[PDB]
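Protein chains in written order, with the deposited numbering: chain A, 35 to 228; chain B, 35 to 112, 115 to 228; chain C, 283 to 358; chain D, 32 to 62, 86 to 122; chain E, 63 to 227; chain F, 36 to 96; chain G, 434 to 509; chain H, 27 to 243.
Where a beta carbon is used, it is the ideal one built from N, C-alpha and C, also for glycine.
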Amino acid sequence: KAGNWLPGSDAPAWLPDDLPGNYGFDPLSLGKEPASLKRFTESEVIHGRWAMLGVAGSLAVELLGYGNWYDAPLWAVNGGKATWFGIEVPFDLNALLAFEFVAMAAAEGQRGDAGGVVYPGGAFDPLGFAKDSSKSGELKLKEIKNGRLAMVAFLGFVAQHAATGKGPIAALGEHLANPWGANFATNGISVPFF
Amino acid sequence: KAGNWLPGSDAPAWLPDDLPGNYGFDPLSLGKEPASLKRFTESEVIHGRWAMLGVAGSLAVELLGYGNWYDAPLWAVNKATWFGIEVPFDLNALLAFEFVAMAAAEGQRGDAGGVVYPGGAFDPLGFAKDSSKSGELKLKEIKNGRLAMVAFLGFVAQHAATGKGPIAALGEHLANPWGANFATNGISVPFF
Amino acid sequence: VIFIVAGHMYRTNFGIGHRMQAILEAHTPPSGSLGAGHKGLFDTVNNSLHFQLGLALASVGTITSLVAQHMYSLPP
Amino acid sequence: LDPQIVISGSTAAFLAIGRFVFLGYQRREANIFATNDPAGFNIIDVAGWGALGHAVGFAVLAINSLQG
Amino acid sequence: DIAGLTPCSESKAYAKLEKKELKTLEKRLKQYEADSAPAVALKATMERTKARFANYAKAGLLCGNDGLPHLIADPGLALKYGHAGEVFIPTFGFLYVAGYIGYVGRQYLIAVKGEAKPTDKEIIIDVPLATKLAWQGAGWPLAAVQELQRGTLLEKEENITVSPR
Amino acid sequence: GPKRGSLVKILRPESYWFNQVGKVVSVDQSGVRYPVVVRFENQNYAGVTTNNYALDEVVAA
Amino acid sequence: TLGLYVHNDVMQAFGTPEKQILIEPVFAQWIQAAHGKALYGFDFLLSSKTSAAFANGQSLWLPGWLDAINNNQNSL
Amino acid sequence: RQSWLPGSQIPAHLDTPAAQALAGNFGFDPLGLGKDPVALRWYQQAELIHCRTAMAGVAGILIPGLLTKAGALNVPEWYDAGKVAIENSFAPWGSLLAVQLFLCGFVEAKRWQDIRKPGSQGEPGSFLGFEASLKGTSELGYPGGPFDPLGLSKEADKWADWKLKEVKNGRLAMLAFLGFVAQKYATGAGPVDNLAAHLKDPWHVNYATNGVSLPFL
Ligand code: CLA
Ligand code: CLA
Ligand code: CLA
Ligand code: CLA
Ligand code: CLA
Ligand SMILES: CC1=C[C@H](O)CC(C)(C)[C@H]1/C=C/C(C)=C/C=C/C(C)=C/C=C/C=C(C)/C=C/C=C(C)/C=C/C1=C(C)C[C@H](O)CC1(C)C
Ligand SMILES: CC1=C[C@H](O)CC(C)(C)[C@H]1/C=C/C(C)=C/C=C/C(C)=C/C=C/C=C(C)/C=C/C=C(C)/C=C/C1=C(C)C[C@H](O)CC1(C)C
Ligand SMILES: CC1=C[C@H](O)CC(C)(C)[C@H]1/C=C/C(C)=C/C=C/C(C)=C/C=C/C=C(C)/C=C/C=C(C)/C=C/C1=C(C)C[C@H](O)CC1(C)C
Ligand SMILES: CC1=C(/C=C/C(C)=C/C=C/C(C)=C/C=C/C=C(C)/C=C/C=C(C)/C=C/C2=C(C)CCCC2(C)C)C(C)(C)CCC1
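In structure tokens:
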């Protein structure tokens, strides 16, 4: 068991203790059936990894000076040309959607052909950190905690841009410049009666 | 047992005698449980060492005369300096280097479970190879550390009151003692 | 185009296609909140003409309401 | 535009993707009569995946003709 | 304001309707004496009409093209534009008194089922027990949510069911 | 089956007093098919308050 | 529904139309404003000129739909 | 024993050892709300919390309102202090309310899980060093440790007296706050001004004369 999401409350009896990220958090009892719970473990790890790469991408776009994560498809929404680290990309939106559909269909289909593989190893694990079977549980726990933080961070990116309309680094600049005069309660959107 | 924080009162039965700074001071009974008491001994020693460093630093800044401890980040709320020599860095780079270095050092410290008095390369001069004078210096260490924690909170409260440095406020207290204290303040005692 | 594409869904004598009894037997949710789900409904819609007639009349009646509501407001 | 290139590339992409990564899943979910292919990728599989290819290719051509 | 509706104190058809009702009342008034009881009753009627129009203009009601007060039934829009007194406060007042009546009836039913003549206490009302439960029914929302949370608000499946189910 | 005066629960599904509680009058000890005489404090639509039941149609609850 | 109609009938009979319960259909007026009708002043999603749905459908099919829905001489 | 009405019958749920041992028991439940013992436990807790925050609130009304009639502490009226303070302040009231909702919600949920399970917030590991000093003190609603620093709850021969003083001062402060709201709506002046008016002319300046509280006379 990783910890306790609400102290003193008992853990649900369907969440096994030797599972990464087991804080006993299931109020709506969504994982009481084992096949559903197996699918949710798979989907939780997959969503966490995609959200890690997404938050790292949004941070690396905005910190390095190439707009925010919202300005990045605007060359294809408008009439423009792609760019990457300043270097141009000589492709159009239809061609890139073709490349992405073929590549993601192949990779996703090869992942889905496997039964319940979450932690494959082998070619996916070239540096051999999970070849120990004793620190592997600690690294999976670190992996699911960074992934949950990344999911919460990307939904924060989306909700913050829906409300204020700026990037997360500029929003953090405003929150450092005036923490009381710039937040979700000085927003005017998140709480309507403030 | 180093003494008694209030004479006449008894010592709590959860604080052992062979512990640096055991005056028996635990009114809230925060450390009646041993894991809590172990963590608080660790935290007390670490807070004492950081507060000794911070009080010695603020005294050194104001005595050498480059402002007080409150003027030192004013270039970055807005160019840095050290010993009067300007230092060529910016706030984001300083926060990056500090976060990396403190994360590394703190993480190496946190990997060890209950190490309060490490020795080794931390202790190059080897004062703690006697196991008795080392314990007396532990008692001196926890007393100096508590004194520096009280001194730093006094610095913060004294600056929030008067808006001046501690050495300048000590100069005011030596010049006009019955006209410059926490009561000519108008803040610490709200009346008059 | 949408109805011609949707008319290639079900399994006739060509190997490909969906099997309606398989779809109905699959859509039963976990936790038993709908019990057996849609189990055994293919042999009760297929064998009953009154079920099929009630479904057809419900759909055609709602579509006739749709015809009236959309033809007064959007006259063709 | 390049209509032959777009239609032929879209049909090639959908036929290749249904030939190589979705064939085993389609054989799992489905459970003319004889082909030389080592996967059993018959005329009706060719018809379905090339139908998806032509449909997506003409959709891409139409969206690019609208310039949207 | 809301939905294109002007406020009634700003509306002109509202003033026209007030003037028209006063005109009808004074055309009926102008055929009597002064201290006569029909004239006194019609002057009381005109006083109540002026007081009613002044109170509806004071309460901040919204009038339409016909000069008539319109009500706003949306909790957020009412609480935002100051219209909670017309639907929202009346619905919580009604739910308080309707649950009062229902909870007092339910407590009377449970009290009279525990005797040897429940139908007799249903035909001839036990007045002290009914007044006791009628005074004790003021804490009905608290008592109702407590009986909900204990699992005693609801009968189990020992209910009567048909052959089909 | 149940003794006289004890309370049972009816599980004949087409009975009026199905899933409800009555009181045993007597149980006949012959080869009669429905020996358990149960009285009910409420009447059915026919105005009858008494019915014969079987041994597997009553549960002493 | 019968109580509101009988209430308003008693108000119309007793010469007092200003007392009758006239609830405004704010939910369906909200939906008509979402469809692009600038009468009720909600001004959102097709009635506000700074909306994503307005700006995306504005080049091709919205200029006829807006004129037809803001015409008050038809059943649209 | 003592009662809110001599001669009235005490309700049978307020005459048990668990009810008679509580605090301030005078047999006052005419609406029968505490017939359920779980409800009486929850309502004991709700009374304790309303008592303590009502005393703190009414002290914040009275002591600045008494001392503002003397020389020091130029403090505005209690129905104007939020506006005057937020003009004096640095943050908007929405941000200040959001901060107090998070900071109160944490502490409140701690108390909530302690009401649900008494031995709950002393999980070994769940807190850094709080966890040892966050159990109850065998009576729910009366915590120990960092709450109650001075050790006044240590002597058992004073303990029912401290309980009963707390429940009486709390009920009286709740009456005081309902009075503050009522007088504010009726008269329009502060409560110290209302007290000065009732002392200046008792037989003519009261709630029978304000024209609001009973308008039939
Ligand atoms: C998004 C995908 C996702 C999935 C599939 C899971 C799945 C799981 N979680 Mg994880 N979790 C997630 C995201 C997810 N989580 C995030 C983002 C956090 C941080 C907030 C957590 C924090 C967390 C903790 C602390 C614990 C779990 C646990 C679990 C396991 C059992 C609980 C369960 O059965 O619920 C199934 C979950 C879902 C079906 C998620 C789908 C989302 C629901 C249906 C709607 C959510 C709407 C959203 C809140 C709206 C936000 C709007 C915004 C404007 C405010 C299961 C493997 C427990 C465990 O044992 O770990 C392995 C456990 O202790 N989760
Ligand atoms: C992942 C953590 C995280 C962090 C560090 C931030 C940080 C920020 N948010 Mg964002 N946000 C987040 C998640 C986060 N948010 C989520 C989950 C949502 C959807 C509910 C939003 C939706 C949102 C809106 C609409 C706005 C912000 C704004 C801001 C900025 C001002 C502070 C504020 O009012 O936040 C809002 C506070 C919350 C949403 C509550 C956070 C609850 C967290 C997720 C629980 C876990 C926190 C953990 C215990 C401690 C922090 C860990 C962190 C340091 C890594 C600040 C830079 C404002 C801005 O743009 O300022 C200029 C603003 O208007 N956020
Ligand atoms: C900075 C943090 C800190 C921590 C973690 C400790 C921890 C400890 N102290 Mg030490 N102490 C400290 C600072 C601290 N102290 C300072 C600054 C002084 C001088 C005032 C002392 C003087 C002192 C004496 C004389 C003794 C101890 C003792 C102890 C030990 C047992 C007490 C206990 O279990 O409570 C754990 C303590 C805490 C959890 C403290 C955390 C801070 C609390 C929660 C809030 C404090 C806020 C503070 C009151 C604000 C002041 C504002 C001011 C304007 C009034 C424990 C190891 C006893 C001992 O055996 O020595 C080892 C003992 O006899 N302490
Ligand atoms: C560490 C011990 C210590 C010492 C030597 C000083 C010294 C001073 N303080 Mg500071 N101060 C301290 C702690 C200390 N303070 C603490 C803990 C606080 C927070 C409560 C403050 C808050 C404060 C304010 C708001 C002000 C001062 C001011 C001053 C100066 C005037 C004298 C005075 O009124 O003191 C203040 C007296 C106390 C805080 C009460 C004493 C409590 C201490 C901690 C007991 C320990 C003292 C010890 C037994 C004897 C001294 C030992 C020392 C020689 C090492 C003087 C230089 C004033 C100033 O600016 O002068 C112009 C002023 O306005 N102090
Ligand atoms: C019976 C169904 C019903 C319907 C059709 C509406 C319709 C409306 N509500 Mg209302 N509301 C309702 C019941 C309903 N309400 C109930 C029961 C509550 C109490 C929980 C509220 C509390 C409420 C608040 C606080 C607000 C609204 C608002 C609105 C208006 C815009 C929001 C919308 O389109 O969401 C469709 C409605 C639903 C799906 C029904 C659920 C309503 C949820 C619980 C609240 C929705 C608030 C929404 C998120 C705020 C949007 C802000 C807006 C400026 C974009 C719209 C006229 C907003 C407004 O004032 O607009 C000018 C607003 O601020 N409602
Ligand atoms: C657990 C549980 C249990 C119980 O029982 C109940 C409940 C409570 C309900 C539950 C909970 C839940 C939750 C919380 C959920 C959430 C989730 C999320 C947030 C997700 C996300 C998730 C997220 C994700 C994936 C994301 C991803 C992202 C990405 C890729 C991005 C991308 C990008 C980038 C780079 C940038 C550019 O320029 C653009 C783009 C393209 C945009
Ligand atoms: C013991 C006990 C027990 C019982 O049971 C209960 C009770 C009573 C509660 C308890 C008590 C407690 C206490 C007293 C506490 C206090 C503390 C403190 C004061 C701390 C500080 C502490 C403090 C500290 C660390 C500090 C540190 C500092 C520092 C680093 C500084 C830094 C700096 C400098 C150099 C200068 C520059 O320019 C800036 C800065 C950045 C600013
Ligand atoms: C017992 C019983 C039983 C039977 O069975 C039945 C019956 C008879 C029904 C019942 C009775 C009941 C009653 C009487 C109740 C009442 C209560 C109250 C009064 C509360 C208050 C309560 C009250 C409360 C909490 C209050 C609190 C307050 C506060 C915080 C305040 C605050 C403040 C201040 C400082 C100042 C500023 O500037 C403002 C403010 C913000 C305003
Ligand atoms: C043998 C072999 C080979 C070759 C192959 C090939 C070359 C194939 C081709 C195939 C193909 C080439 C196929 C195709 C198909 C197609 C289809 C099947 C189509 C369909 C179409 C459709 C269905 C359309 C429709 C429509 C219309 C009519 C109008 C408009 C709209 C739409 C578009 C919808 C290789 C060398 C690789 C390898 C070896 C073996």
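Neighbouring residues, chain G, relative to residue i (Cβ below 7 Å)
i, result
"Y354 of chain C", "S508"
Short CB-CB distance (under 8 Å) between residue i and chain G
i, result
"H132 of chain E", "yes"
Residue i: CB within 7 Å of a non-hydrogen atom of ligand 3
i, result
"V186 of chain B", "yes"
Where residue i meets chain B, residues with beta-carbon distance less than 8 Å
i, result
"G155 of chain H", "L64, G65, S70, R73, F74 and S77"
Any chain F beta carbon closer than 8 Å to residue i
i, result
"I172 of chain E", "no"
"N221 of chain E", "yes"
CB of residue i within 8 Å of CB of residue j, strictly
i, j, result
"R212 of chain E", "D62 of chain H", "yes"
"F191 of chain A", "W103 of chain A", "yes"
Interface flag, residue i vs chain E, CB-CB below 8 Å
i, result
"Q55 of chain F", "yes"
"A199 of chain H", "no"
"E92 of chain F", "no"
"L455 of chain G", "yes"
heavy atom of ligand 1 below 7 Å from residue i C-beta
i, result
"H81 of chain A", "yes"
"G490 of chain G", "no"
Short CB-CB distance (under 8 Å) between residue i and chain D
i, result
"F296 of chain C", "yes"
Any chain A beta carbon closer than 8 Å to residue i
i, result
"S347 of chain C", "no"
"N62 of chain D", "no"
Chain C within 8 Å of residue i, Cβ atoms only
i, result
"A93 of chain D", "no"
Cβ-heavy atom distance, residue i to ligand 2, below 7 Å
i, result
"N221 of chain A", "yes"
Beta-carbon proximity list for residue i, same chain, < 8 Å, skipping 5 on both sides
i, result
"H76 of chain H", "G196 and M200"
"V238 of chain H", "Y211 and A212"
"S170 of chain B", "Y153, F163 and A164"
Same chain, Cβ closer than 7 Å to residue i, neighbours up to 5 away in sequence not counted
i, result
"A106 of chain B", "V95"
"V218 of chain H", "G91, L92 and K95"
Where residue i meets chain H, residues with beta-carbon distance less than 8 Å
i, result
"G201 of chain E", "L57, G58 and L59"
C-beta neighbour in chain H for residue i, strict 8 Å
i, result
"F228 of chain A", "yes"
"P202 of chain A", "no"
"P61 of chain B", "yes"
Heavy atom of ligand 8 within 7 Å of residue i beta-carbon
i, result
"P56 of chain H", "yes"
"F52 of chain H", "no"
Under 7 Å by beta carbon: chain A residues contacting residue i
i, result
"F132 of chain H", "None at all; the shortest Cβ gap to chain A is about 12 Å."
Cβ-heavy atom distance, residue i to ligand 6, below 7 Å
i, result
"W48 of chain A", "no"
Listed by chain order, chain A residues near residue i by CB distance under 9 Å
i, result
"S313 of chain C", "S63, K66, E67 and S70"
Listed by chain order, chain E residues near residue i by CB distance under 8 Å
i, result
"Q462 of chain G", "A65"
Proximal chain B residues relative to residue i, where beta-carbon distance stays under 9 Å
i, result
"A98 of chain H", "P226, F227 and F228"
Contacts of residue i in chain B (Cβ-Cβ under 7 Å)
i, result
"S159 of chain H", "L62, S63 and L64"
Any non-hydrogen atom of ligand 5 closer than 7 Å to residue i Cβ
i, result
"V89 of chain A", "no"
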